[PDB]
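Content type compact mmCIF, C-alpha atoms, from the file model_19.txt:
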```
# COMPACT_ATOMS: atom_id res chain seq x y z
CA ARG A 7 -27.37 216.57 8.58
CA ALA A 8 -31.09 215.98 9.39
CA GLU A 9 -32.16 217.04 5.89
CA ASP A 10 -30.49 213.85 4.62
CA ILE A 11 -31.63 210.32 5.51
CA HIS A 12 -29.02 208.42 7.59
CA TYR A 13 -28.57 204.74 8.27
CA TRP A 14 -28.06 202.62 11.39
CA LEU A 15 -27.92 199.18 12.76
CA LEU A 16 -29.75 198.22 15.94
CA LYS A 17 -28.97 194.93 17.71
CA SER A 18 -31.72 192.97 19.49
CA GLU A 19 -31.68 189.47 20.95
CA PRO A 20 -34.58 187.75 19.20
CA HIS A 21 -35.74 185.64 22.14
CA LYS A 22 -36.41 189.01 23.85
CA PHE A 23 -37.48 191.12 20.90
CA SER A 24 -37.29 190.02 17.30
CA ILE A 25 -38.14 191.55 13.96
CA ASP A 26 -41.55 189.72 14.28
CA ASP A 27 -42.25 191.49 17.60
CA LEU A 28 -41.68 194.87 15.85
CA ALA A 29 -43.86 193.72 12.97
CA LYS A 30 -46.63 192.77 15.39
CA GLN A 31 -46.33 196.06 17.37
CA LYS A 32 -45.89 198.13 14.14
CA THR A 33 -43.97 200.75 16.18
CA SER A 34 -41.93 200.36 19.35
CA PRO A 35 -39.68 202.51 21.55
CA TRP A 36 -36.10 201.22 21.41
CA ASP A 37 -35.78 200.60 25.15
CA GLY A 38 -33.04 199.00 27.19
CA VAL A 39 -29.86 200.36 25.60
CA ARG A 40 -27.35 200.76 28.46
CA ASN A 41 -24.17 201.59 26.60
CA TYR A 42 -23.49 205.28 26.51
CA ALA A 43 -21.94 205.38 23.00
CA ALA A 44 -25.05 203.57 21.72
CA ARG A 45 -27.25 206.00 23.63
CA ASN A 46 -25.40 208.89 21.95
CA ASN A 47 -25.95 207.26 18.52
CA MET A 48 -29.69 207.25 19.33
CA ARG A 49 -29.52 210.97 20.22
CA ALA A 50 -27.94 211.45 16.76
CA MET A 51 -30.77 209.66 14.91
CA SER A 52 -33.37 211.65 12.98
CA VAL A 53 -36.95 210.91 11.95
CA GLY A 54 -36.94 208.95 8.71
CA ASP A 55 -33.53 207.42 9.28
CA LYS A 56 -33.22 203.83 8.02
CA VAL A 57 -32.47 200.94 10.36
CA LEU A 58 -31.01 197.37 9.87
CA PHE A 59 -32.71 195.16 12.41
CA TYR A 60 -29.93 192.83 13.60
CA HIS A 61 -30.49 189.68 15.62
CA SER A 62 -27.69 189.16 18.14
CA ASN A 63 -26.76 186.49 20.65
CA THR A 64 -28.62 183.74 18.82
CA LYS A 65 -28.08 180.67 16.60
CA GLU A 66 -28.38 182.63 13.36
CA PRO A 67 -27.10 186.12 14.01
CA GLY A 68 -27.45 188.60 11.23
CA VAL A 69 -29.79 191.19 9.64
CA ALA A 70 -33.46 190.12 10.04
CA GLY A 71 -35.27 193.08 8.47
CA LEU A 72 -35.66 196.75 8.30
CA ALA A 73 -37.07 199.52 10.43
CA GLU A 74 -37.35 203.32 10.28
CA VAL A 75 -36.94 205.95 12.98
CA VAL A 76 -40.31 207.63 13.77
CA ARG A 77 -39.63 209.76 16.86
CA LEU A 78 -36.56 211.52 18.18
CA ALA A 79 -34.81 210.42 21.37
CA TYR A 80 -36.63 210.80 24.66
CA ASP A 81 -36.10 209.48 28.19
CA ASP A 82 -35.98 205.70 28.44
CA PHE A 83 -38.47 205.12 31.26
CA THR A 84 -37.54 201.42 31.56
CA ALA A 85 -34.53 202.64 33.52
CA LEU A 86 -37.05 203.48 36.29
CA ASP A 87 -38.98 200.18 36.04
CA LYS A 88 -37.86 198.16 39.05
CA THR A 89 -39.22 194.94 37.38
CA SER A 90 -37.14 195.47 34.22
CA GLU A 91 -33.87 193.87 33.28
CA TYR A 92 -32.95 197.35 32.12
CA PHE A 93 -33.54 198.93 35.56
CA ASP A 94 -30.87 201.49 36.49
CA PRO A 95 -30.66 201.88 40.34
CA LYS A 96 -29.26 205.35 39.95
CA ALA A 97 -31.56 206.89 37.35
CA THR A 98 -34.08 209.51 38.45
CA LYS A 99 -37.29 211.01 37.04
CA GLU A 100 -35.22 214.24 36.74
CA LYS A 101 -31.78 212.73 35.94
CA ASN A 102 -32.27 209.77 33.59
CA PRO A 103 -29.21 209.36 31.39
CA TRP A 104 -30.89 206.78 29.17
CA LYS A 105 -32.61 207.87 25.96
CA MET A 106 -34.46 206.10 23.20
CA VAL A 107 -36.07 206.59 19.81
CA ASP A 108 -39.26 205.02 18.42
CA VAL A 109 -38.95 202.86 15.33
CA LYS A 110 -41.44 201.49 12.86
CA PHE A 111 -41.42 198.13 11.17
CA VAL A 112 -40.51 198.28 7.45
CA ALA A 113 -39.56 194.75 6.31
CA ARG A 114 -39.23 191.19 7.57
CA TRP A 115 -36.77 189.30 5.44
CA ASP A 116 -37.56 185.64 4.59
CA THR A 117 -34.33 184.37 6.15
CA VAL A 118 -31.78 186.23 8.17
CA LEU A 119 -28.81 187.57 6.25
CA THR A 120 -26.15 185.89 8.26
CA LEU A 121 -23.17 187.48 10.00
CA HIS A 122 -20.88 185.03 8.11
CA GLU A 123 -22.07 186.54 4.81
CA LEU A 124 -21.76 190.09 6.12
CA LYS A 125 -18.08 189.33 6.89
CA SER A 126 -17.55 187.93 3.36
CA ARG A 127 -18.11 191.12 1.31
CA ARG A 128 -15.39 193.68 0.60
CA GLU A 129 -18.04 196.47 0.61
CA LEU A 130 -18.79 195.78 4.25
CA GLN A 131 -15.14 195.46 5.55
CA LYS A 132 -15.35 198.77 7.53
CA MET A 133 -18.70 198.22 9.32
CA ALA A 134 -18.72 199.12 12.98
CA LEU A 135 -20.43 195.83 13.46
CA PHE A 136 -17.09 194.12 13.16
CA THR A 137 -15.03 196.65 15.25
CA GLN A 138 -17.22 197.57 18.20
CA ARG A 139 -18.89 194.81 20.19
CA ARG A 140 -20.75 196.64 23.00
CA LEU A 141 -22.13 199.12 20.53
CA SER A 142 -25.77 198.10 20.16
CA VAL A 143 -26.71 201.15 18.11
CA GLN A 144 -24.26 201.71 15.20
CA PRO A 145 -23.86 204.03 12.23
CA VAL A 146 -24.08 202.40 8.85
CA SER A 147 -22.66 204.09 5.74
CA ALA A 148 -24.96 204.70 2.74
CA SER A 149 -22.95 202.12 0.69
CA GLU A 150 -23.00 199.56 3.50
CA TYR A 151 -26.84 199.93 3.73
CA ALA A 152 -27.11 199.67 -0.09
CA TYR A 153 -24.91 196.52 -0.25
CA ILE A 154 -26.85 194.77 2.54
CA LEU A 155 -30.23 195.40 0.89
CA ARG A 156 -28.69 194.04 -2.36
CA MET A 157 -27.61 190.92 -0.51
CA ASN A 158 -31.15 190.32 0.78
CA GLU A 159 -32.41 190.52 -2.80
CA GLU A 160 -29.75 188.06 -4.03
CA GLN A 161 -30.71 185.66 -1.21
CA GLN A 162 -34.43 185.99 -2.01
CA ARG A 163 -33.73 184.86 -5.61
```
Conversion result in structure tokens:
Amino acid sequence: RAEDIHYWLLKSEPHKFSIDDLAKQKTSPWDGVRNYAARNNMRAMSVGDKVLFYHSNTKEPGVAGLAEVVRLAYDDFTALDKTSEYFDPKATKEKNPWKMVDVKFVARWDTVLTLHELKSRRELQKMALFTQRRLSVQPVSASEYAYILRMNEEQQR
């Protein structure tokens, strides 16, 4: 398990937080995940794990860049921020179900690798991306990761 690097996809709406926001911040906690399956995926992440930064709910959805996990999951304190969209009325200092990792910027791709293209490769047919819509933190297979990075290179040529 943690001795091997694993791969994930994290969805973010870019008008809220884009790959350029991560780039500017260099590292960021991954706050505001309020789906429990996604939360559990974050508890399964390890330091050094690779991350596809995916822009969702936008004109050009797709993979925008790359990040890397730099801290293991800890309590998502935005659940206690009464001014936050991600406020959870029933979370406590002592009983906060929400957890988050920190990630570091790795790469900002010149143009997004669109969802349409992701759905047009045999190698990607089994991505969770296509199955599971509420799942904002998803496992990516090693081959899926590899194929996607290859696609960015093809697009950049």
One decimal, Å: what's the distance from atom CA of residue A:30 over to atom CA of residue A:110, could you say? 10.5 Å
Using only C-alpha atoms, which of A:39, A:97, A:8, A:75 sits nearest residue A:56?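 Counting only C-alpha atoms, the residue closest to residue A:56 is A:75.
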Taking (-37.8, 191.3, 4.3) in the coordinates of the supplied file, I want to know which residues reach to within 9 Å of it, counting all atoms listed in the file; could you give the answer as JSON, numbers by chain? {"A": [70, 71, 72, 112, 113, 114, 115, 116, 117, 118, 158, 159, 162]}
Residues near residue A:96, anyone? I mean within 9 Å using all atoms listed in the file, not counting same-chain ones fewer than 3 positions away, as a count of residues only. 5
Of the listed residues A:48, A:154, A:29, A:43, that which approaches residue A:125 most closely, counting only C-alpha atoms: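 Checking each of A:48, A:154, A:29, A:43 against residue A:125, counting only C-alpha atoms, the winner is A:154.
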How many Å separate atom CA of residue A:67 from atom CA of residue A:90? 24.4 Å
Calculated over all atoms listed in the file, which of the candidates A:57, A:148, A:141, A:51 has the smallest distance to residue A:111?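 Once distances to residue A:111 are computed over all atoms listed in the file, the minimum belongs to A:57.
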Please check which residues have atoms at most 10 Å from (-37.0, 205.4, 32.3) in the file's coordinates, counting all atoms listed in the file, and write them as JSON, numbers by chain. {"A": [37, 38, 80, 81, 82, 83, 84, 85, 86, 87, 88, 92, 93, 94, 97, 98, 99, 101, 102, 103, 104, 105, 106]}
Could you dump the residues just selected with C-alpha atoms as a compact mmCIF listing (two decimals), keeping the file's coordinate frame?
```
# COMPACT_ATOMS: atom_id res chain seq x y z
CA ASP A 37 -35.78 200.60 25.15
CA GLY A 38 -33.04 199.00 27.19
CA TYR A 80 -36.63 210.80 24.66
CA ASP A 81 -36.10 209.48 28.19
CA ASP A 82 -35.98 205.70 28.44
CA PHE A 83 -38.47 205.12 31.26
CA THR A 84 -37.54 201.42 31.56
CA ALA A 85 -34.53 202.64 33.52
CA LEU A 86 -37.05 203.48 36.29
CA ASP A 87 -38.98 200.18 36.04
CA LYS A 88 -37.86 198.16 39.05
CA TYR A 92 -32.95 197.35 32.12
CA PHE A 93 -33.54 198.93 35.56
CA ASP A 94 -30.87 201.49 36.49
CA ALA A 97 -31.56 206.89 37.35
CA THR A 98 -34.08 209.51 38.45
CA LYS A 99 -37.29 211.01 37.04
CA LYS A 101 -31.78 212.73 35.94
CA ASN A 102 -32.27 209.77 33.59
CA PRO A 103 -29.21 209.36 31.39
CA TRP A 104 -30.89 206.78 29.17
CA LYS A 105 -32.61 207.87 25.96
CA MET A 106 -34.46 206.10 23.20
```
So the first atom is atom CA of residue A:132 and the second is atom CA of residue A:150; what is the distance between them in Å, to one decimal place?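 About the pair atom CA of residue A:132 and atom CA of residue A:150: they are 8.7 Å apart.
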Pick from A:89, A:138, A:63, A:147 nearest to residue A:121, counting all atoms listed in the file: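 Result for the nearest residue to residue A:121: A:63.
You can rank A:109, A:143, A:76, A:69 by their closest distance to residue A:124 using all atoms listed in the file, and at the top of that list sits A:69.
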Identify which of the residues A:77, A:45, A:17, A:12 lies closest to residue A:135, counting only C-alpha atoms when measuring atom-to-atom distances. A:17
Using the partial input, fill out stretch 59-83 of chain A with N, CA, C and O atoms; write the result as a tab-separated table (two decimals), keeping the file's coordinate frame.
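File produced: selection-v2.tsv:
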```
chain	number	residue	atom	x	y	z
A	59	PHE	N	-32.31	195.84	11.20
A	59	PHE	CA	-32.71	195.16	12.41
A	59	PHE	C	-31.79	193.91	12.51
A	59	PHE	O	-31.93	192.97	11.72
A	60	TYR	N	-30.94	193.87	13.49
A	60	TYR	CA	-29.93	192.83	13.60
A	60	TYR	C	-30.22	191.97	14.79
A	60	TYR	O	-30.27	192.47	15.90
A	61	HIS	N	-30.38	190.65	14.55
A	61	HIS	CA	-30.49	189.68	15.62
A	61	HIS	C	-29.12	189.25	16.15
A	61	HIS	O	-28.28	188.72	15.39
A	62	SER	N	-28.91	189.49	17.45
A	62	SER	CA	-27.69	189.16	18.14
A	62	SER	C	-27.88	188.06	19.16
A	62	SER	O	-29.04	187.77	19.55
A	63	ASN	N	-26.77	187.41	19.53
A	63	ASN	CA	-26.76	186.49	20.65
A	63	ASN	C	-27.80	185.39	20.40
A	63	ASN	O	-28.70	185.11	21.21
A	64	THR	N	-27.66	184.75	19.25
A	64	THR	CA	-28.62	183.74	18.82
A	64	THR	C	-27.93	182.76	17.88
A	64	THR	O	-26.82	183.04	17.44
A	65	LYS	N	-28.61	181.66	17.53
A	65	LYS	CA	-28.08	180.67	16.60
A	65	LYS	C	-27.75	181.21	15.22
A	65	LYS	O	-26.80	180.76	14.60
A	66	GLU	N	-28.57	182.11	14.70
A	66	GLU	CA	-28.38	182.63	13.36
A	66	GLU	C	-28.30	184.17	13.45
A	66	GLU	O	-29.27	184.88	13.14
A	67	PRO	N	-27.18	184.68	13.93
A	67	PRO	CA	-27.10	186.12	14.01
A	67	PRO	C	-27.05	186.69	12.61
A	67	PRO	O	-26.47	186.11	11.73
A	68	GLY	N	-27.60	187.87	12.45
A	68	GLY	CA	-27.45	188.60	11.23
A	68	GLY	C	-28.59	189.61	11.11
A	68	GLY	O	-29.35	189.84	12.09
A	69	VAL	N	-28.70	190.23	9.95
A	69	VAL	CA	-29.79	191.19	9.64
A	69	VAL	C	-31.12	190.48	9.30
A	69	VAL	O	-31.18	189.67	8.31
A	70	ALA	N	-32.09	190.75	10.14
A	70	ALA	CA	-33.46	190.12	10.04
A	70	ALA	C	-34.53	190.90	9.27
A	70	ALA	O	-35.56	190.36	8.85
A	71	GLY	N	-34.27	192.15	9.07
A	71	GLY	CA	-35.27	193.08	8.47
A	71	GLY	C	-34.87	194.50	8.59
A	71	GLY	O	-33.73	194.84	8.87
A	72	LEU	N	-35.84	195.34	8.43
A	72	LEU	CA	-35.66	196.75	8.30
A	72	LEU	C	-36.69	197.49	9.15
A	72	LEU	O	-37.85	197.07	9.30
A	73	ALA	N	-36.22	198.60	9.73
A	73	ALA	CA	-37.07	199.52	10.43
A	73	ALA	C	-36.77	200.97	10.00
A	73	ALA	O	-35.88	201.24	9.17
A	74	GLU	N	-37.49	201.87	10.61
A	74	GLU	CA	-37.35	203.32	10.28
A	74	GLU	C	-37.58	204.14	11.54
A	74	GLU	O	-38.38	203.80	12.34
A	75	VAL	N	-36.73	205.15	11.80
A	75	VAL	CA	-36.94	205.95	12.98
A	75	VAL	C	-38.22	206.81	12.81
A	75	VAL	O	-38.41	207.55	11.80
A	76	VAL	N	-39.13	206.76	13.80
A	76	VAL	CA	-40.31	207.63	13.77
A	76	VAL	C	-40.50	208.71	14.88
A	76	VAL	O	-41.36	209.54	14.78
A	77	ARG	N	-39.66	208.68	15.91
A	77	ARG	CA	-39.63	209.76	16.86
A	77	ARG	C	-38.20	209.95	17.36
A	77	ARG	O	-37.48	208.99	17.61
A	78	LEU	N	-37.84	211.22	17.59
A	78	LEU	CA	-36.56	211.52	18.18
A	78	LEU	C	-36.40	211.08	19.63
A	78	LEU	O	-37.37	210.93	20.34
A	79	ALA	N	-35.15	210.98	20.07
A	79	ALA	CA	-34.81	210.42	21.37
A	79	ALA	C	-35.48	211.13	22.56
A	79	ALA	O	-35.63	212.38	22.60
A	80	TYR	N	-36.02	210.32	23.47
A	80	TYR	CA	-36.63	210.80	24.66
A	80	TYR	C	-36.22	209.88	25.79
A	80	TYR	O	-35.62	208.84	25.54
A	81	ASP	N	-36.57	210.23	27.01
A	81	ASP	CA	-36.10	209.48	28.19
A	81	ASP	C	-36.57	208.05	28.16
A	81	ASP	O	-37.75	207.80	27.89
A	82	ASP	N	-35.64	207.12	28.38
A	82	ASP	CA	-35.98	205.70	28.44
A	82	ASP	C	-36.51	205.37	29.82
A	82	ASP	O	-35.75	205.03	30.73
A	83	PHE	N	-37.83	205.40	29.98
A	83	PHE	CA	-38.47	205.12	31.26
A	83	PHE	C	-38.30	203.69	31.82
A	83	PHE	O	-38.59	203.48	32.99
```
